[PDB]
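S.K.: What follows is model34.tsv, made up of TSV, C-alpha atoms and all ligand atoms:
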```tsv
chain	number	residue	atom	x	y	z
Q	1	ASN	CA	-17.85	32.66	9.59
Q	2	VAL	CA	-14.50	30.92	10.37
Q	3	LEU	CA	-12.35	33.95	11.36
Q	4	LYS	CA	-14.07	33.89	14.80
Q	5	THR	CA	-11.40	35.96	16.69
Q	6	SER	CA	-10.01	39.54	16.25
Q	7	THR	CA	-6.31	38.49	16.34
Q	8	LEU	CA	-6.98	35.72	13.78
Q	9	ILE	CA	-8.83	38.23	11.52
Q	10	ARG	CA	-5.84	40.60	11.77
Q	11	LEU	CA	-3.41	37.74	11.04
Q	12	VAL	CA	-5.18	36.60	7.85
Q	13	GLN	CA	-5.54	40.19	6.59
Q	14	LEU	CA	-1.78	40.74	7.17
Q	15	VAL	CA	-0.59	37.48	5.54
Q	16	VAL	CA	-2.93	37.60	2.54
Q	17	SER	CA	-2.45	41.32	1.80
Q	18	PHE	CA	1.35	40.95	2.06
Q	19	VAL	CA	1.56	37.79	-0.08
Q	20	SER	CA	-0.91	39.02	-2.72
Q	21	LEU	CA	0.94	42.36	-3.03
Q	22	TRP	CA	4.36	40.64	-3.22
Q	23	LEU	CA	3.15	38.16	-5.88
Q	24	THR	CA	1.43	40.81	-8.01
Q	25	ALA	CA	4.41	43.19	-7.84
Q	26	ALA	CA	6.69	40.34	-8.97
Q	27	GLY	CA	4.35	39.80	-11.93
Q	28	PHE	CA	4.49	43.47	-12.90
Q	29	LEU	CA	8.32	43.60	-12.76
Q	30	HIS	CA	8.48	40.29	-14.70
Q	31	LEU	CA	6.34	41.86	-17.42
Q	32	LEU	CA	8.47	45.05	-17.53
Q	33	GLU	CA	11.92	43.41	-17.75
Q	34	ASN	CA	10.96	40.66	-20.20
Q	35	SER	CA	8.99	43.08	-22.44
Q	36	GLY	CA	11.70	45.80	-22.37
Q	37	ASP	CA	11.46	49.62	-22.71
Q	38	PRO	CA	8.82	50.63	-25.37
Q	39	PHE	CA	10.54	54.02	-26.00
Q	40	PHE	CA	13.68	52.02	-26.98
Q	41	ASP	CA	11.47	49.88	-29.31
Q	42	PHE	CA	11.77	46.96	-26.82
Q	43	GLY	CA	15.53	46.64	-27.63
Q	44	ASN	CA	16.46	47.12	-23.95
Q	45	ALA	CA	15.06	43.91	-22.34
Q	46	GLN	CA	16.16	41.25	-19.79
Q	47	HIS	CA	14.86	37.64	-19.57
Q	48	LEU	CA	14.08	37.12	-15.88
Q	49	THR	CA	11.87	34.26	-14.74
Q	50	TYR	CA	8.86	35.11	-12.57
Q	51	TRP	CA	10.72	33.39	-9.70
Q	52	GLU	CA	13.83	35.58	-10.11
Q	53	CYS	CA	11.54	38.64	-9.89
Q	54	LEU	CA	9.78	37.20	-6.83
Q	55	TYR	CA	13.15	36.58	-5.13
Q	56	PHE	CA	14.49	40.00	-6.17
Q	57	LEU	CA	11.46	41.81	-4.72
Q	58	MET	CA	11.98	39.99	-1.38
Q	59	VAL	CA	15.71	40.90	-1.48
Q	60	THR	CA	14.70	44.58	-2.00
Q	61	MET	CA	11.70	44.72	0.43
Q	62	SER	CA	14.07	43.52	3.15
Q	63	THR	CA	16.70	46.12	2.03
Q	64	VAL	CA	19.25	43.26	1.82
Q	65	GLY	CA	20.12	44.27	-1.77
Q	66	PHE	CA	22.61	41.74	-3.14
Q	67	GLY	CA	22.65	42.95	-6.76
Q	68	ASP	CA	23.04	39.36	-8.07
Q	69	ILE	CA	19.79	40.26	-9.94
Q	70	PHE	CA	18.76	43.86	-10.72
Q	71	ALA	CA	16.41	45.74	-13.07
Q	72	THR	CA	17.86	47.30	-16.27
Q	73	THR	CA	14.82	48.52	-18.22
Q	74	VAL	CA	13.99	52.16	-17.43
Q	75	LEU	CA	10.44	51.08	-16.64
Q	76	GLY	CA	11.91	48.31	-14.42
Q	77	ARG	CA	14.19	50.72	-12.52
Q	78	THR	CA	11.41	53.30	-12.07
Q	79	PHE	CA	9.14	50.51	-10.81
Q	80	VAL	CA	11.90	49.42	-8.35
Q	81	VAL	CA	12.13	53.02	-7.05
Q	82	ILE	CA	8.33	53.14	-6.48
Q	83	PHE	CA	8.40	49.64	-5.00
Q	84	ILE	CA	11.14	50.61	-2.50
Q	85	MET	CA	9.19	53.69	-1.33
Q	86	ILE	CA	5.98	51.67	-0.81
Q	87	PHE	CA	7.06	48.21	0.32
Q	88	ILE	CA	9.80	49.04	2.89
Q	89	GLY	CA	6.98	50.48	5.05
Q	90	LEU	CA	4.89	47.34	4.40
Q	91	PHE	CA	7.64	44.79	5.19
Q	92	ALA	CA	9.03	46.73	8.19
Q	93	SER	CA	5.52	46.95	9.78
Q	94	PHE	CA	4.29	43.48	8.67
Q	95	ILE	CA	7.16	41.43	10.16
Q	96	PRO	CA	6.88	42.91	13.71
Q	97	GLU	CA	3.06	42.63	13.68
Q	98	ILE	CA	3.22	38.95	12.63
Q	99	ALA	CA	5.91	38.40	15.30
Q	100	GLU	CA	3.64	39.97	17.98
Q	101	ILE	CA	0.62	37.87	16.90
Q	102	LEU	CA	2.56	34.56	16.70
Q	103	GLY	CA	4.27	35.55	20.01
Q	104	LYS	CA	0.87	35.95	21.81
Q	105	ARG	CA	0.03	32.21	22.37
Q	106	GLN	CA	-0.04	31.08	26.06
Q	107	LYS	CA	2.87	28.79	27.09
Q	108	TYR	CA	1.40	27.22	30.28
Q	109	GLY	CA	-1.88	26.00	28.76
Q	110	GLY	CA	-2.93	22.33	28.97
Q	111	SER	CA	-3.83	20.25	32.04
Q	112	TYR	CA	-2.26	18.31	34.94
Q	113	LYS	CA	-1.98	14.49	34.54
Q	114	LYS	CA	-2.84	12.37	37.61
Q	115	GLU	CA	-0.24	9.70	38.49
Q	116	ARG	CA	-1.32	6.35	40.08
Q	117	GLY	CA	-2.42	7.09	43.69
Q	118	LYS	CA	0.02	10.09	44.00
Q	119	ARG	CA	-1.15	13.13	46.07
Q	120	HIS	CA	-1.14	16.70	44.73
Q	121	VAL	CA	-1.82	20.13	46.30
Q	122	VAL	CA	-3.22	23.02	44.24
Q	123	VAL	CA	-1.78	26.47	45.07
Q	124	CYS	CA	-3.29	29.80	44.02
Q	125	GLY	CA	-3.67	33.52	44.85
Q	126	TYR	CA	-0.47	35.61	45.10
Q	127	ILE	CA	1.96	33.38	43.11
Q	128	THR	CA	5.44	34.94	42.50
Q	129	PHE	CA	9.13	33.90	42.70
Q	130	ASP	CA	9.16	35.43	46.23
Q	131	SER	CA	6.01	33.75	47.64
Q	132	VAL	CA	6.72	30.45	45.81
Q	133	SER	CA	10.34	30.26	47.04
Q	134	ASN	CA	9.32	31.20	50.63
Q	135	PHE	CA	6.67	28.47	50.40
Q	136	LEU	CA	8.71	25.72	48.64
Q	137	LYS	CA	11.81	26.22	50.88
Q	138	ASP	CA	9.69	25.02	53.82
Q	139	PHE	CA	7.22	22.82	51.89
Q	140	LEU	CA	9.91	20.72	50.11
Q	141	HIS	CA	12.41	21.11	53.02
Q	142	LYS	CA	14.92	18.19	53.17
Q	143	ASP	CA	14.28	17.64	56.93
Q	144	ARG	CA	10.59	16.75	56.28
Q	145	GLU	CA	9.55	13.13	55.84
Q	146	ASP	CA	9.82	11.81	52.23
Q	147	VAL	CA	6.15	12.40	51.29
Q	148	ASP	CA	5.49	12.25	47.51
Q	149	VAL	CA	3.08	15.27	47.25
Q	150	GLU	CA	3.18	17.22	43.96
Q	151	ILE	CA	2.59	20.99	43.97
Q	152	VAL	CA	0.35	22.43	41.23
Q	153	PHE	CA	0.42	26.21	40.88
Q	154	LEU	CA	-2.55	27.92	39.17
Q	155	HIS	CA	-2.38	31.66	38.37
Q	156	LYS	CA	-3.28	34.13	35.55
Q	157	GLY	CA	0.23	35.48	34.87
Q	158	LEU	CA	3.06	34.14	32.76
Q	159	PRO	CA	5.76	33.13	35.35
Q	160	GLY	CA	8.81	35.43	35.63
Q	161	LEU	CA	12.27	34.06	34.65
Q	162	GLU	CA	13.39	33.38	38.26
Q	163	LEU	CA	10.19	31.37	38.82
Q	164	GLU	CA	10.64	29.52	35.47
Q	165	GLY	CA	14.12	28.50	36.72
Q	166	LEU	CA	12.69	27.36	40.08
Q	167	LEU	CA	9.91	25.39	38.31
Q	168	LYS	CA	12.48	23.70	35.99
Q	169	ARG	CA	14.70	22.84	39.02
Q	170	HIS	CA	11.68	21.15	40.71
Q	171	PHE	CA	10.20	19.81	37.42
Q	172	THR	CA	9.84	16.25	38.83
Q	173	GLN	CA	7.25	17.34	41.48
Q	174	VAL	CA	6.20	20.99	40.80
Q	175	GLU	CA	3.90	22.14	37.95
Q	176	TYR	CA	2.45	25.53	36.85
Q	177	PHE	CA	-0.69	26.37	34.82
Q	178	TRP	CA	-2.09	29.58	33.37
Q	179	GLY	CA	-5.64	30.15	34.72
Q	180	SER	CA	-7.77	31.15	37.75
Q	181	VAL	CA	-9.70	29.27	40.45
Q	182	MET	CA	-12.63	31.60	39.54
Q	183	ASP	CA	-13.19	29.39	36.40
Q	184	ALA	CA	-14.61	25.85	36.69
Q	185	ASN	CA	-12.66	24.84	33.53
Q	186	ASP	CA	-9.34	25.73	35.22
Q	187	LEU	CA	-10.33	23.78	38.34
Q	188	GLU	CA	-10.98	20.82	36.01
Q	189	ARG	CA	-7.61	21.39	34.33
Q	190	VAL	CA	-5.76	20.95	37.62
Q	191	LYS	CA	-8.15	18.05	38.56
Q	192	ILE	CA	-8.92	19.75	41.87
Q	193	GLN	CA	-11.64	17.14	42.73
Q	194	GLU	CA	-8.69	14.72	43.14
Q	195	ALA	CA	-6.26	17.18	44.79
Q	196	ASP	CA	-5.45	16.43	48.44
Q	197	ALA	CA	-5.81	20.10	49.46
Q	198	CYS	CA	-5.89	23.62	48.03
Q	199	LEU	CA	-3.87	26.56	49.41
Q	200	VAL	CA	-4.88	30.20	48.83
Q	201	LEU	CA	-2.04	32.73	49.33
Q	202	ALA	CA	-2.40	36.47	50.07
Q	203	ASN	CA	-0.29	39.39	48.82
Q	204	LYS	CA	0.70	40.53	52.39
Q	205	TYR	CA	1.98	43.87	51.00
Q	206	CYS	CA	-1.18	44.81	48.98
Q	207	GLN	CA	-2.61	48.39	49.00
Q	208	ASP	CA	-5.83	47.26	50.75
Q	209	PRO	CA	-5.85	44.05	52.85
Q	210	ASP	CA	-9.70	44.22	53.08
Q	211	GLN	CA	-9.82	44.07	49.26
Q	212	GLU	CA	-7.22	41.26	49.12
Q	213	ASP	CA	-9.15	39.22	51.72
F	1	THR	CA	-30.37	28.61	61.53
F	2	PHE	CA	-33.35	29.58	63.74
F	3	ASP	CA	-35.27	28.55	66.90
F	4	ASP	CA	-38.76	26.93	66.95
F	5	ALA	CA	-35.26	27.76	58.43
F	6	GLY	CA	-31.94	28.54	56.64
F	7	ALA	CA	-32.08	27.77	52.88
F	8	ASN	CA	-35.92	27.95	53.10
F	9	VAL	CA	-35.65	31.81	53.22
F	10	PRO	CA	-37.04	33.10	49.87
F	11	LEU	CA	-34.38	35.23	48.13
F	12	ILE	CA	-34.03	37.34	45.03
F	13	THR	CA	-30.60	38.83	44.29
F	14	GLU	CA	-29.68	41.36	41.64
F	15	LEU	CA	-26.33	40.59	39.93
F	16	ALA	CA	-24.19	43.20	38.14
F	17	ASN	CA	-22.27	40.52	36.17
F	18	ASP	CA	-24.30	37.55	34.87
F	19	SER	CA	-21.59	34.85	35.11
F	20	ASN	CA	-21.36	35.30	38.91
F	21	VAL	CA	-24.69	33.37	39.09
F	22	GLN	CA	-22.68	30.11	39.25
F	23	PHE	CA	-21.54	31.01	42.82
F	24	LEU	CA	-25.07	31.87	44.02
F	25	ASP	CA	-26.23	28.27	44.65
F	26	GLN	CA	-25.17	24.64	45.36
F	27	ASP	CA	-26.73	21.23	44.41
F	28	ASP	CA	-26.52	23.02	41.09
F	29	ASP	CA	-25.36	20.49	38.41
F	30	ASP	CA	-24.60	23.51	36.15
F	31	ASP	CA	-22.01	24.13	33.42
F	32	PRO	CA	-20.29	27.58	32.92
F	33	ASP	CA	-21.09	27.26	29.17
F	34	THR	CA	-24.80	27.90	30.05
F	35	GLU	CA	-26.17	31.37	29.31
F	36	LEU	CA	-27.93	33.11	32.23
F	37	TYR	CA	-31.51	32.38	31.15
F	38	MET	CA	-30.91	28.58	31.30
F	39	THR	CA	-29.14	28.59	34.71
F	40	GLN	CA	-30.92	26.96	37.66
F	41	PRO	CA	-30.87	30.12	39.88
F	42	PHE	CA	-32.48	32.22	37.13
F	43	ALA	CA	-34.98	29.47	36.21
F	44	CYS	CA	-35.93	29.30	39.93
F	45	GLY	CA	-36.46	33.11	40.15
F	46	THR	CA	-33.59	33.55	42.70
F	47	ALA	CA	-31.23	35.45	40.36
F	48	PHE	CA	-31.93	38.56	38.31
F	49	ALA	CA	-29.55	40.65	36.15
F	50	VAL	CA	-29.89	43.86	34.09
F	51	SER	CA	-28.71	42.08	30.88
F	52	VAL	CA	-32.16	40.41	30.50
F	53	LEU	CA	-33.61	43.93	29.98
F	54	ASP	CA	-31.48	44.57	26.83
F	55	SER	CA	-34.15	43.39	24.33
F	56	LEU	CA	-36.45	46.04	25.86
F	57	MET	CA	-34.77	48.37	23.32
F	58	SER	CA	-35.67	46.17	20.33
F	59	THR	CA	-39.15	45.20	21.64
F	60	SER	CA	-39.73	48.82	22.33
F	61	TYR	CA	-39.34	49.44	18.64
F	62	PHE	CA	-41.17	46.47	17.26
F	63	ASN	CA	-44.34	46.96	19.29
F	64	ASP	CA	-44.67	50.05	21.51
F	65	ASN	CA	-47.86	48.70	23.12
F	66	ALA	CA	-45.95	45.65	24.44
F	67	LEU	CA	-43.58	48.00	26.32
F	68	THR	CA	-46.65	49.75	27.81
F	69	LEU	CA	-48.07	46.37	28.90
F	70	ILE	CA	-44.89	45.32	30.73
F	71	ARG	CA	-44.81	48.76	32.45
F	72	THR	CA	-48.50	48.56	33.51
F	73	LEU	CA	-47.83	45.16	35.16
F	74	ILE	CA	-44.34	45.57	36.69
F	75	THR	CA	-44.90	49.13	38.02
F	76	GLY	CA	-48.34	48.25	39.46
F	77	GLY	CA	-49.80	51.18	37.40
F	78	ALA	CA	-47.38	54.16	37.15
F	79	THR	CA	-49.30	56.09	34.42
F	80	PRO	CA	-47.70	59.08	32.58
F	81	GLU	CA	-49.92	61.41	34.68
F	82	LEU	CA	-47.96	60.25	37.76
F	83	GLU	CA	-44.66	60.75	35.90
F	84	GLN	CA	-45.74	64.33	35.12
F	85	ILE	CA	-46.88	64.98	38.72
F	86	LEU	CA	-43.46	63.77	39.97
F	87	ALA	CA	-41.71	65.89	37.28
F	88	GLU	CA	-43.26	69.02	38.90
F	89	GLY	CA	-40.68	68.31	41.71
F	90	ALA	CA	-43.27	68.91	44.50
F	91	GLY	CA	-42.98	65.26	45.66
F	92	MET	CA	-45.78	62.68	45.17
F	93	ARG	CA	-48.95	64.73	45.80
F	94	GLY	CA	-51.74	62.69	47.48
F	95	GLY	CA	-54.62	62.74	50.00
F	96	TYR	CA	-58.18	61.44	49.98
F	97	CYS	CA	-59.66	60.84	46.48
F	98	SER	CA	-62.94	61.25	44.59
F	99	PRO	CA	-64.83	57.99	43.80
F	100	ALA	CA	-64.36	58.91	40.10
F	101	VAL	CA	-60.54	58.40	40.30
F	102	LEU	CA	-60.69	55.84	43.17
F	103	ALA	CA	-62.61	53.50	40.81
F	104	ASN	CA	-59.20	52.66	39.34
F	105	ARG	CA	-58.52	50.57	42.39
F	106	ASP	CA	-60.12	47.71	40.50
F	107	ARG	CA	-57.05	47.22	38.37
F	108	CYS	CA	-55.94	43.74	37.47
F	109	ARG	CA	-53.23	42.31	39.65
F	110	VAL	CA	-50.64	39.65	39.33
F	111	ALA	CA	-51.24	36.98	41.90
F	112	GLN	CA	-50.07	33.47	42.78
F	113	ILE	CA	-52.36	30.64	43.99
F	114	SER	CA	-51.89	27.03	45.19
F	115	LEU	CA	-53.50	23.80	43.95
F	116	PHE	CA	-52.93	22.22	47.43
F	117	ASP	CA	-56.40	23.24	48.79
F	118	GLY	CA	-59.45	25.39	47.87
F	119	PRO	CA	-61.80	24.97	44.86
F	120	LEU	CA	-59.03	24.42	42.24
F	121	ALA	CA	-57.32	21.53	44.12
F	122	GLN	CA	-59.45	19.02	42.13
F	123	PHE	CA	-57.29	19.89	39.06
F	124	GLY	CA	-54.05	19.68	41.12
F	125	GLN	CA	-55.04	16.03	41.78
F	126	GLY	CA	-53.75	14.78	38.37
F	127	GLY	CA	-55.80	17.06	36.05
F	128	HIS	CA	-54.40	19.14	33.15
F	129	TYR	CA	-53.53	22.85	32.83
F	130	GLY	CA	-56.25	23.45	30.20
F	131	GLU	CA	-58.99	22.03	32.48
F	132	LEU	CA	-57.81	24.36	35.25
F	133	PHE	CA	-57.49	27.32	32.85
F	134	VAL	CA	-61.01	27.01	31.42
F	135	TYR	CA	-62.53	26.39	34.86
F	136	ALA	CA	-60.80	29.26	36.72
F	137	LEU	CA	-61.48	31.83	34.04
F	138	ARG	CA	-65.06	30.78	33.82
F	139	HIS	CA	-65.89	30.88	37.48
F	140	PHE	CA	-63.61	33.62	38.80
F	141	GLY	CA	-62.34	35.64	35.78
F	142	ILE	CA	-58.88	34.40	36.92
F	143	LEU	CA	-56.60	34.08	33.88
F	144	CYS	CA	-53.66	31.63	34.26
F	145	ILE	CA	-50.28	32.40	32.61
F	146	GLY	CA	-47.92	29.72	34.04
F	147	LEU	CA	-46.88	27.29	36.79
F	148	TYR	CA	-44.33	27.26	39.61
F	149	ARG	CA	-43.29	23.65	40.34
F	150	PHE	CA	-40.76	21.93	42.65
F	151	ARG	CA	-37.60	20.81	40.87
F	152	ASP	CA	-37.34	17.89	43.32
F	153	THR	CA	-40.74	16.10	42.97
F	154	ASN	CA	-39.21	12.67	43.88
F	155	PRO	CA	-35.34	17.38	48.98
F	156	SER	CA	-35.09	21.13	48.21
F	157	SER	CA	-37.77	23.88	48.16
F	158	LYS	CA	-36.56	25.18	44.80
F	159	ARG	CA	-39.28	25.60	42.20
F	160	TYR	CA	-38.97	26.33	38.51
F	161	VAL	CA	-41.25	28.44	36.38
F	162	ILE	CA	-43.26	27.18	33.37
F	163	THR	CA	-44.65	29.93	31.10
F	164	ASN	CA	-47.88	28.97	29.25
F	165	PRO	CA	-48.14	25.13	29.54
F	166	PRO	CA	-49.94	23.11	26.78
F	167	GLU	CA	-53.67	22.29	27.27
F	168	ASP	CA	-52.95	18.62	28.17
F	169	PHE	CA	-50.01	19.47	30.50
F	170	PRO	CA	-50.28	17.45	33.80
F	171	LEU	CA	-50.76	19.02	37.26
F	172	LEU	CA	-49.62	18.20	40.84
F	173	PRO	CA	-51.31	19.37	44.11
F	174	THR	CA	-47.90	20.97	44.94
F	175	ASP	CA	-48.12	23.30	41.88
F	176	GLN	CA	-48.66	27.04	42.23
F	177	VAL	CA	-50.20	29.07	39.38
F	178	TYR	CA	-49.27	32.55	38.14
F	179	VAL	CA	-52.56	34.36	37.49
F	180	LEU	CA	-54.14	37.69	36.59
F	181	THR	CA	-57.06	38.62	38.89
F	182	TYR	CA	-59.59	41.33	39.97
F	183	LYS	CA	-59.93	40.33	43.69
Z	1	K	K	21.77	46.37	1.59
```
Using structure tokens, write down the structure from this file.
M.R.:
Amino acid sequence: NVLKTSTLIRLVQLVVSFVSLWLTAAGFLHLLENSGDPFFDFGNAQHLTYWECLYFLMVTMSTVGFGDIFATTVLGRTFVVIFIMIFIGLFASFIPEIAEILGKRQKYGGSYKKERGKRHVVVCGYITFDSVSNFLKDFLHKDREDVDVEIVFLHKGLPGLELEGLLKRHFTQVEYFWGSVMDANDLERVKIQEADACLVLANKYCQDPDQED
Amino acid sequence: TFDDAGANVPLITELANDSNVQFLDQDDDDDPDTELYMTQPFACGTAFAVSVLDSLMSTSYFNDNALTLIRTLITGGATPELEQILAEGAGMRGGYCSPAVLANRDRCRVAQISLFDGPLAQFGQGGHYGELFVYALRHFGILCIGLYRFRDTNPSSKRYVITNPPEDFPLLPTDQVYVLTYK
């Protein structure tokens, strides 16, 4: 019971079914070309390696089609026609679904690291490029005293590109983490026991301010 | 707070989502990895949640009589005759009763009793649950099914529940006993 998660089950079914089908098809074509056409008394034959067949089936699944290698037995060519009809649908659906699954992993995982005696403030609730810039413009304002407080955002969303830029610009003193203050593990991730303060921000433009409060 | 309090008010709260139980209490020393049945607020009898009823489906099937027993206790005695009388839609028909039906007022009841004083307190003074059990059944027909004990014996009024202690299980005069009784 090691495939504990639905995405991981789907991943291993995709990879194994694709690889096992590709390998077995390469074996069948390797048999056909090296054996030759039986209705030509095996006179028409072509000495591919298994690896040349394996390569050639990838070059045809992808529709790249060099023609550096190609089938020349009638059984080989008829197998290539069947293989094209079947495996273009496999490859063209497999590659995007693998790309979605490997694209799913959360970027802003991990945990904040506490510097020697340095203060930090956790910030949560309505976190967006708008609310964060409105906040940081005053909070990090140059006319304040040089106080070494670090700002640690904690929110469920992936940050939008404008916010990722703002976070990279302030990388020395601003951090962001995927999570919610509703989970004790996320509070531990941002080391909130050792934070100086925590700020909770409201979406002022929400559809029900009683619900937001 | 109140005049001549607070967290001493006895509460029971139904929860729609089990994991919210972590917010229900402080001085908690909990971990969110705990399942509901192990959490301090559930073990103290302060929380309840509909998820703990789910095995009523399976227990229903494995022993029908067990599902009747739980109903006869928790309902206080809602027999299928009452369910039929309510299903007539007339409302709950009542009045004075014949002695022949009124005899059923001798049902057994769930009760809770203290070892702090009264005839059982001798066992609360450092006796064992089996000594108490045998004595109380023998002299009163009172059948003991568990204990309710302070978590902070060394502090808070929280008490945890102990289903069916061993015979040699120690007692305190602060303990309260869950019992089945006829008076
Ligand atoms: K091509």
S.K.: Just give me the residues with any atom within 9 Å of (-6.4, 31.3, 38.7), file coordinates, counting only C-alpha atoms, written as a list in words.
M.R.: residues 124, 125, 153, 154, 155, 156, 157, 177, 178, 179, 180, 181, 182, 183, 186 and 187 of chain Q
S.K.: Given only C-alpha atoms, how would the per-residue table for chain F near chain Q read, listing every residue at most 10 Å away with its closest atom pair and distance in Å to one decimal, sorted by chain and number, as a tab-separated table?
M.R.:
```
residue	atom	partner	partner_atom	distance
F:20	CA	Q:182	CA	9.5
F:22	CA	Q:184	CA	9.5
F:23	CA	Q:182	CA	9.5
F:31	CA	Q:184	CA	8.3
F:32	CA	Q:184	CA	7.0
F:33	CA	Q:185	CA	9.8
```
S.K.: Output the neighbourhood of ligand K 1 (chain Z) as a PDB file with C-alpha atoms, in the coordinates of the input, that is, all protein and nucleic acid residues with some atom at most 6 Å from the ligand, counting only C-alpha atoms and all ligand atoms.
M.R.:
```pdb
ATOM      1  CA  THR Q  63      16.700  46.120   2.030  1.00  0.00           C
ATOM      2  CA  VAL Q  64      19.250  43.260   1.820  1.00  0.00           C
ATOM      3  CA  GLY Q  65      20.120  44.270  -1.770  1.00  0.00           C
TER       4      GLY Q  65
END
```
S.K.: Output, as lines of an AutoDock Vina configuration file, the centre and edge lengths in Å (one decimal) of the axis-aligned box that contains all listed atoms of stretch 22-27 of chain Q with 4 Å of margin on each side.
M.R.:
```
center_x = 4.1
center_y = 40.7
center_z = -7.6
size_x = 13.3
size_y = 13.0
size_z = 16.7
```
S.K.: Just to confirm, what's the straight-line distance from atom CA of residue Q:74 to atom CA of residue Q:62 in Å (one decimal)?
M.R.: 22.3 Å
S.K.: By how many Å are atom CA of residue F:43 and atom CA of residue F:29 apart?
M.R.: 13.3 Å
S.K.: For residue F:112, which of F:146, F:141, F:94, F:76 is the closest residue, counting all atoms listed in the file?
M.R.: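 The answer is F:146, which sits nearest to residue F:112.
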S.K.: Quote the spacing between atom CA of residue F:40 and atom CA of residue Q:4 in Å to one decimal place.
M.R.: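 Rounded to one decimal, the two atoms are 29.2 Å apart.
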S.K.: With only C-alpha atoms as the counted atoms, please give the residues lying no more than 9 Å from residue Q:87, apart from itself and same-chain residues fewer than 6 positions off, as number ranges by chain.
M.R.: Q: 22, 60-62
S.K.: So which residues touch residue Q:175 within 12 Å, counting only C-alpha atoms, skipping near sequence neighbours fewer than 3 positions away, as a PyMOL selection string?
M.R.: chain Q and resi 108-114+120-123+132+149-155+159+163-164+166-172+178+190
S.K.: Counting only C-alpha atoms, select every polymer residue within 6 Å of (-51.5, 39.3, 36.6) as defined in the file's coordinates, and provide the selection as a list in words.
M.R.: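 Counting only C-alpha atoms, I find these residues within 6 Å of (-51.5, 39.3, 36.6): residues 109, 110, 111, 179 and 180 of chain F.
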S.K.: Let's have the selection written as a compact mmCIF listing (two decimals), in the frame of the given file, with C-alpha atoms.
M.R.:
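The result, stored in selection-v3.txt:
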```txt
# COMPACT_ATOMS: atom_id res chain seq x y z
CA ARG F 109 -53.23 42.31 39.65
CA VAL F 110 -50.64 39.65 39.33
CA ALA F 111 -51.24 36.98 41.90
CA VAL F 179 -52.56 34.36 37.49
CA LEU F 180 -54.14 37.69 36.59
```
S.K.: Could you pull the residues within 9 Å of residue F:39, counting all atoms listed in the file, minus those fewer than 5 positions along the same chain, as a list in words?
M.R.: residues 21, 22, 28, 30, 31, 34 and 44 of chain F
S.K.: From the options Q:173, Q:1, Q:13, Q:203, which residue's atoms come nearest to residue Q:139, counting only C-alpha atoms?
M.R.: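 When distances to residue Q:139 are compared using only C-alpha atoms, the smallest one comes from Q:173.
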S.K.: Tell me which protein, DNA and RNA residues are within 9 Å of stretch 122-136 of chain F, counting all atoms listed in the file, leaving out same-chain ones fewer than 2 positions away, and put them as a PyMOL selection string.
M.R.: chain F and resi 114-120+138-147+165-175
S.K.: Which residues are near residue Q:2? Cut-off 12 Å, all atoms listed in the file, ignore same chain within fewer than 5 positions. Put them as a list in words.
M.R.: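 Here the answer would be residues 8, 9 and 12 of chain Q.
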